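**Q** The structure's right below; bear with me while I get my questions together.
2 protein chains.
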Amino acid sequence: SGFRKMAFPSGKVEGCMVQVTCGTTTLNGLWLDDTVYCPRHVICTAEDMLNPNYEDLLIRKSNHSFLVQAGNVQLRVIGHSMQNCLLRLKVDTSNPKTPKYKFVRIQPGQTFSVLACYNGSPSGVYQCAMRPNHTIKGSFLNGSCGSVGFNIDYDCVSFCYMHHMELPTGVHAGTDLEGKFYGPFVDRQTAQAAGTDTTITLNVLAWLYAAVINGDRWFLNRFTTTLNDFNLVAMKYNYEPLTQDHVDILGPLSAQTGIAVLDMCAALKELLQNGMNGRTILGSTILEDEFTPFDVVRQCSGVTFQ
Amino acid sequence: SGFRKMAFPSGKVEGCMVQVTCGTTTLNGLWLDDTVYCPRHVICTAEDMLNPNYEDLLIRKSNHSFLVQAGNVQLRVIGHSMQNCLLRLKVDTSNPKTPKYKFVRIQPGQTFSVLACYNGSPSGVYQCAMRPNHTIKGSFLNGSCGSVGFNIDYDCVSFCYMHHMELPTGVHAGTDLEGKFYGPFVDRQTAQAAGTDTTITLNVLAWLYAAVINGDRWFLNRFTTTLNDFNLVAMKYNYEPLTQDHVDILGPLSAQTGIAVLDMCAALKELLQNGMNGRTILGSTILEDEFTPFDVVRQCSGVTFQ
Ligand SMILES: *C(=O)c1ccc2c(ccn2S(=O)(=O)c2cccc([N+](=O)[O-])c2)c1
Ligand SMILES: *C(=O)c1ccc2c(ccn2S(=O)(=O)c2cccc([N+](=O)[O-])c2)c1
Numbered sequence: 001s002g003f004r005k006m007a008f009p010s011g012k013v014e015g016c017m018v019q020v021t022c023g024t025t026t027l028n029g030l031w032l033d034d035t036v037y038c039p040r041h042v043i044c045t046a047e048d049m050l051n052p053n054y055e056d057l058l059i060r061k062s063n064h065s066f067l068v069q070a071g072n073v074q075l076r077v078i079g080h081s082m083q084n085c086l087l088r089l090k091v092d093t094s095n096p097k098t099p100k101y102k103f104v105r106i107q108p109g110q111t112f113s114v115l116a117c118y119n120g121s122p123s124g125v126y127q128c129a130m131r132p133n134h135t136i137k138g139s140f141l142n143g144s145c146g147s148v149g150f151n152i153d154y155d156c157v158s159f160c161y162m163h164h165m166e167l168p169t170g171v172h173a174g175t176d177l178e179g180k181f182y183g184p185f186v187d188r189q190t191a192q193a194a195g196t197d198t199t200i201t202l203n204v205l206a207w208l209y210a211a212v213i214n215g216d217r218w219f220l221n222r223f224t225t226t227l228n229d230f231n232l233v234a235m236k237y238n239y240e241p242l243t244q245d246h247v248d249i250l251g252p253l254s255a256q257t258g259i260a261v262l263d264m265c266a267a268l269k270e271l272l273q274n275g276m277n278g279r280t281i282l283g284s285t286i287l288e289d290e291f292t293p294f295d296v297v298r299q300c301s302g303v304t305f306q
Numbered sequence: 001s002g003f004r005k006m007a008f009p010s011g012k013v014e015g016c017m018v019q020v021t022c023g024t025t026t027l028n029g030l031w032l033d034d035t036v037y038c039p040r041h042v043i044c045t046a047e048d049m050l051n052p053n054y055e056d057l058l059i060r061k062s063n064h065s066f067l068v069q070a071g072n073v074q075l076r077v078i079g080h081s082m083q084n085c086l087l088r089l090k091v092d093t094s095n096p097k098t099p100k101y102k103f104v105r106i107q108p109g110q111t112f113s114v115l116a117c118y119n120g121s122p123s124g125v126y127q128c129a130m131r132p133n134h135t136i137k138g139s140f141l142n143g144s145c146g147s148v149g150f151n152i153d154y155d156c157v158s159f160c161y162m163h164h165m166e167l168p169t170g171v172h173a174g175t176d177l178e179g180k181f182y183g184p185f186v187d188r189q190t191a192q193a194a195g196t197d198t199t200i201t202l203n204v205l206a207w208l209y210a211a212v213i214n215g216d217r218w219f220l221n222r223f224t225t226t227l228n229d230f231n232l233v234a235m236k237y238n239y240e241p242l243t244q245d246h247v248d249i250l251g252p253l254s255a256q257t258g259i260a261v262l263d264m265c266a267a268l269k270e271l272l273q274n275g276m277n278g279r280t281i282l283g284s285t286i287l288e289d290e291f292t293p294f295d296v297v298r299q300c301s302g303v304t305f306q
């Protein structure tokens, strides 16, 4: 029993975290085989941050300008190249702790674990969701550039996020491991801001199913809804429209609990329209939207508490 | 910026998790040096769970009755002894991944990371608080016996919790690493239940300070309170009484924000008496009580957003 925001065990990633230094700039890098990945912002001159030309900045560097520290060992850089907003640094030694890994581009609404890191030293691990506006609600201080987000399945690490910057609202933006930003952000100082965000409807529905699996049904009702009738209410409360694809994804949870998806949609519609009435669901008074249907099946029992 | 429930990186603990099997019972164990720690419930006969005599159950076992699996390697048990509600199994090989470690008995209100594990395989990591009633609000399924709770400081792992059982309300009970239960619970089938719980006042205060550090002050007011006047209101809302020791602990956070502790106590008193008014604090509508003053200093910037 119970339901917690749960991260993947971080050991396989901790063994890949290194420190990368260019002159007076230090941040974190990811050491896989004989390559070290890090934000290209490491090469950025202090008193120019508005208009950096990274191609012109990087042509001026040699291999030995990069200091890469793995623990108390220095790694020798024997090659470098730019890939979108990251640098790939080839080093003289293959990381002996490299796990089986893959690079993946996560989709909005999906969740992943973040290993917050400073000066190449992991500091904490937490779970978060890629918001529809392509930011994450992380917890990061100065020095966290290059911290990594990931998921794990069967001893394989799927890296999906490298951290770059904090936006003015206090949320966070970064790239995949090919160096392509999530969302419309760029790695320079501009007036860029997070766009308007939405609530992840599919995840709220999954979390209501988790609540039933664990034994709570107080929020159900005797009604059903059409998909389009639900989406009219979703629009008014800044929820994402529900699609048939999302209904299909909820199939297994629907089967496990015996609650048809559109019946749960009617329950959510009443919750949006009437509020919580001073009640909680899995310990929360807010409708939680950072658990995916996958996360619920992973964490919840396969047997409903009927 | 940001504030998340953040666990310690789990790699140093993952390297210690093994599987322990007695006949048809399997659970998790902790392998440090040449010793494997696990719940003594592993030796329990299926159709007797009410009145087990563990001394009589254990005298009937040999060293070779214990199967201990570390990955795909079998460890040879060459000795066993009971310590309170745990077994200490000496094995033929020292764990090469043993970290610098210590055993600590955590106090009520303190926080720690849980590495949830099944069949000796770590599955997830999350943060939780030792409740005043000596339970934790974990997330555990069958097979989680022997999962470990811990804190890390400067590469040293402080183990404080080994998981045993789920109580009827869905919360969780277990022992320290000397095998002594937290709270008045015993490792057999009884009508035992979690006692009445309370809200951890010191932690709520710390979390309000975290909210100010990150830039939010909406809940402050122009009033102050006496310690005893606050405790009269705390009693009525099922908060723990605040002590001078707790006021002293809040010193550094008070200094960083310029808000005297008893002034924050007045702010909390108004929040309890008037409610939230449909507002949030660090993203929450409930007053959060599972962050210690230490946790706040660890995660929050040292510079207040004034
Ligand atoms: C780390 O990898 C990193 C740190 C600062 C970065 C960055 C890309 C751009 N910048 S920045 O110009 O210093 C910056 C920081 C915060 C916000 C914004 N912004 O324009 O909103 C820019 C990478
Ligand atoms: C694992 O270490 C473990 C599993 C079950 C245990 C246990 C000690 C006692 N029991 S139990 O008798 O099966 C049990 C389980 C849940 C609740 C209660 N209870 O009396 O409340 C007992 C250790």
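Just so you know, the sequences run in chain order A and A'. A prime marks a further copy of an entry chain.
Read in order, the letters of the first sequence correspond to residues 1 to 306 in the deposited numbering.
Read in order, the letters of the second sequence correspond to residues 1 to 306 in the deposited numbering.
Cβ coordinates follow ideal geometry from the N, Cα and C atoms, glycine included.
(1) Could you check the C-alpha separation between A/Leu268 and A/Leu205 for me, to the nearest Å?
(2) Starting from the C-beta of A/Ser10, find all residues in its chain whose C-beta is less than 8 Å away, skip the five residues before and the five after it, and write them out in chain order.
(3) Using Cβ-Cβ distances below 7 Å, what residues of the region 262-292 of chain A are close to chain A'?
(4) Are A'/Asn133 and A'/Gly195 touching if we call contact CB-CB under 8 Å?
(5) Tell me, which residues are paired with residue 392 of chain A' by DSSP?
(6) Give the straight-line distance between the Cα atoms of A/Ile43 and A/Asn119, rounded to the nearest whole angstrom.
(7) Tell me the DSSP secondary structure of A/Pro132 in three-state form.
(8) Would DSSP call A'/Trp218 helix, strand or coil?
(9) According to the neighbour-count rule (16 or more other Cβ atoms, all chains shown, within 10 Å of its Cβ), is A'/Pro39 buried or exposed?
(10) Kindly indicate the opening and closing residues of the beta strand (DSSP E) around A'/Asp197.
(11) Keeping to the same chain, check which residues put their C-beta closer than 6 Å to that of A'/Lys97; ignore five residues upstream and five downstream.
(12) Start and end of the beta strand (DSSP E) containing A/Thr111?
(13) Run the proximity test for A/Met235: is its beta-carbon closer than 7 Å to any non-hydrogen atom belonging to ligand 1?
(14) Quick one: using the 10 Å Cβ neighbour count with 16 as the cut-off for buried, is A/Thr226 buried or exposed?
(15) Quick one: which residues of the region 81-93 of chain A' get their C-beta closer than 7 Å to a C-beta of chain A? List them in chain order.
(16) Which value, in whole angstroms, describes the spacing of the CA atoms of A'/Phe219 and A'/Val297?
(17) Is it a yes or a no for the region 158-168 of chain A touching the region 132-149 of chain A, going by three-plus beta-carbon pairs under 8 Å?
(18) Just curious, the alpha helix (DSSP H) that A/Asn274 is in, first and last residue?
(19) Applying the criterion that 16 or more other CB atoms from any shown protein chain within 10 Å of the CB defines a buried residue, is A'/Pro184 buried or exposed?
(20) Give the interface partners of A'/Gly109 over in chain A, defined as CB-CB distance under 9 Å, in chain order.
(21) Give the straight-line distance between the Cα atoms of A'/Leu250 and A'/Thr292, rounded to the nearest whole angstrom.
(22) Given this structure, state the Cα-to-Cα distance separating A/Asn84 from A/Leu287, to the nearest angstrom.
(23) Comparing C-alpha positions only, which one of A'/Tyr154, A'/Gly71, A'/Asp245 and A'/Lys61 sits nearest to A'/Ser81?
(24) In chain A, what lies closer than 7 Å to A'/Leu115 by C-beta?
(25) Return the CA-CA distance between A'/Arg279 and A/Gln256, expressed in angstroms with no decimal places.
(26) Give me the Cα-Cα distance between A'/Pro168 and A'/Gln189, rounded to the nearest whole angstrom.
(27) Tell me whether A'/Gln107 is buried or exposed, calling it buried when 16 or more other Cβ atoms sit within 10 Å of its Cβ.
(28) Among A/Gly143, A/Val91, A/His246 and A/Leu262, which residue has its Cα nearest to the Cα of A/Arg222?
(29) If the cut-off is 7 Å on Cβ atoms, which residues from the region 134-149 of chain A count as contacting chain A', listed in chain order?
(30) Distance cutoff 8 Å, beta carbons only. Does A/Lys236 sit that close to anything in chain A'?
(31) Within the 8 Å Cβ cut-off, does A/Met130 reach chain A'?
(32) Using only alpha-carbon positions, find the residue among A/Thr201, A/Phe305 and A/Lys137 that is nearest to A/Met235.
(33) Taking the DSSP output, what are the residues bridged to A'/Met49?
(34) So, is the C-beta of A/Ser158 closer than 8 Å to a C-beta in chain A'?
(35) Could you check whether the Cβ of A/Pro122 sits closer than 8 Å to any Cβ belonging to chain A'?
(36) Spell out the partners DSSP gives A'/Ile59 in its beta bridges.
**A** Considering the structure as presented:
(1) Walking along the first sequence from the start, residue 268 of chain A turns up at place 268. Walking along the first sequence from the start, residue 205 of chain A turns up at place 205. Rounded to whole angstroms, A/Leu268 to A/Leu205 spans 7 Å at the Cα level.
(2) Within the first sequence, the letter at position 10 stands for residue 10 of chain A. Cβ contact annotation for A/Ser10 (same chain, cutoff 8 Å, sequence separation greater than five): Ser113, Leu115, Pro122 and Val125, in chain order.
(3) If the cut-off is 7 Å between Cβ atoms, the region 262-292 of chain A has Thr285 and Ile286 near chain A'.
(4) Mapped onto the second sequence, residue 133 of chain A' falls at position 133. Mapped onto the second sequence, residue 195 of chain A' falls at position 195. Their beta carbons are under 8 Å apart, which means A'/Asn133 touches A'/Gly195 by this criterion.
(5) Since the displayed chain A' opens at 1 and closes at 306, residue 392 of chain A' lies outside it and no answer follows.
(6) Here residue 43 of chain A refers to the residue found at position 43 of the first sequence. Here residue 119 of chain A refers to the residue found at position 119 of the first sequence. Answer to the nearest angstrom: the Cα atoms are 16 Å apart.
(7) The residue given as residue 132 of chain A occupies position 132 in the first sequence. Three-state DSSP puts A/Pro132 in coil, outside helix and strand.
(8) Sequence index remark: in the second sequence, residue 218 of chain A' carries index 218 (1-based). Residue state, collapsed to three classes: coil.
(9) For the purposes of this step, residue 39 of chain A' is taken as the residue at position 39 of the second sequence. The residue in question, A'/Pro39, is buried, as its Cβ has 16 or more Cβ neighbours within 10 Å.
(10) Start at 1 with the first residue of the second sequence, and residue 197 of chain A' comes out as number 197. Premise fails: A'/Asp197 is in no beta strand (DSSP E) and is neither H nor E.
(11) Counting from one through the second sequence, the residue named residue 97 of chain A' turns up at place 97. Within the same chain, and ignoring the five residues on either side of A'/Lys97 in sequence, the residues whose Cβ sits closer than 6 Å to its Cβ are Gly15.
(12) Translated into positions along the first sequence, residue 111 of chain A becomes position 111. Per DSSP, A/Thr111 belongs to the beta strand (DSSP E) from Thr111 to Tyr118.
(13) On the first sequence, residue 235 of chain A is found 235 positions in, with the first residue counted as 1. No, the Cβ of A/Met235 stays beyond 7 Å of every heavy atom of ligand 1.
(14) Position 226 of the first sequence holds residue 226 of chain A. Around the beta carbon of A/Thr226, a 10 Å sphere encloses fewer than 16 other beta carbons of the protein chains shown; the residue is thus reported as exposed.
(15) Those residues of the region 81-93 of chain A' that come within reach of chain A (Cβ to Cβ, closer than 7 Å) do not exist; the list is empty.
(16) Counting from one through the second sequence, the residue named residue 219 of chain A' turns up at place 219. Counting from one through the second sequence, the residue named residue 297 of chain A' turns up at place 297. Straight-line Cα distance between these residues: approximately 20 Å.
(17) Between the region 158-168 of chain A and the region 132-149 of chain A there are three or more C-beta pairs closer than 8 Å, enough to call the two in contact.
(18) If you number the first sequence from 1, residue 274 of chain A lands on position 274. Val261 to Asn274 is the extent of the alpha helix (DSSP H) around A/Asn274.
(19) To locate residue 184 of chain A', count along the second sequence from 1; it is residue 184. The residue is exposed, with fewer than 16 neighbouring Cβ atoms inside 10 Å.
(20) Mapped onto the second sequence, residue 109 of chain A' falls at position 109. Chain-ordered listing is empty here: chain A has no CB closer than 9 Å to the CB of A'/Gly109, the nearest sitting near 18 Å.
(21) Counting from 1 along the second sequence, the entry for residue 250 of chain A' is found at position 250. Counting from 1 along the second sequence, the entry for residue 292 of chain A' is found at position 292. About 10 Å.
(22) Residue 84 of chain A sits at position 84 when you count from the first residue of the first sequence. Residue 287 of chain A sits at position 287 when you count from the first residue of the first sequence. Annotation: A/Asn84 to A/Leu287 spans about 37 Å, alpha carbon to alpha carbon.
(23) Here residue 81 of chain A' refers to the residue found at position 81 of the second sequence. The residue from A'/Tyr154, A'/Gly71, A'/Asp245 and A'/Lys61 with its alpha-carbon nearest to that of A'/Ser81 is A'/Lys61.
(24) Along the second sequence, one-based indexing puts residue 115 of chain A' at 115. Within 7 Å Cβ-Cβ: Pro9.
(25) On the second sequence, position 279 is the one that residue 279 of chain A' refers to. On the first sequence, position 256 is the one that residue 256 of chain A refers to. Cα-Cα distance, rounded: 36 Å.
(26) Indexing the second sequence from 1 puts residue 168 of chain A' at position 168. Indexing the second sequence from 1 puts residue 189 of chain A' at position 189. One C-alpha to the other measures close to 11 Å.
(27) Here residue 107 of chain A' refers to the residue found at position 107 when the second sequence is read from its first residue. A'/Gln107 should be labelled exposed.
(28) Here residue 222 of chain A corresponds to residue number 222 of the first sequence, with the count starting at 1. Closest by alpha carbon: A/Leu262.
(29) The residues in question are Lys137, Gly138, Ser139, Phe140 and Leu141.
(30) Your numbering for residue 236 of chain A matches position 236 in the first sequence. Closer than 8 Å: no.
(31) Within the first sequence, the letter at position 130 stands for residue 130 of chain A. Not one chain A' Cβ lies under 8 Å of A/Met130.
(32) If you number the first sequence from 1, residue 235 of chain A lands on position 235. When only C-alpha atoms are compared, the closest one is A/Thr201.
(33) What you label residue 49 of chain A' is simply residue 49 of the second sequence in a count that begins at 1. Per DSSP, A'/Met49 has no beta-bridge partner at all.
(34) Reading the first sequence from its first residue, position 158 is the one you call residue 158 of chain A. Against chain A', the CB of A/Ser158 has no partner CB under 8 Å away; the residue lies outside that interface.
(35) Within the first sequence, the letter at position 122 stands for residue 122 of chain A. With 8 Å as the cut-off, A/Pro122 counts as an interface residue toward chain A'.
(36) Walking along the second sequence from the start, residue 59 of chain A' turns up at place 59. For A'/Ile59, which the question treats as bridged, DSSP gives no partner whatsoever.
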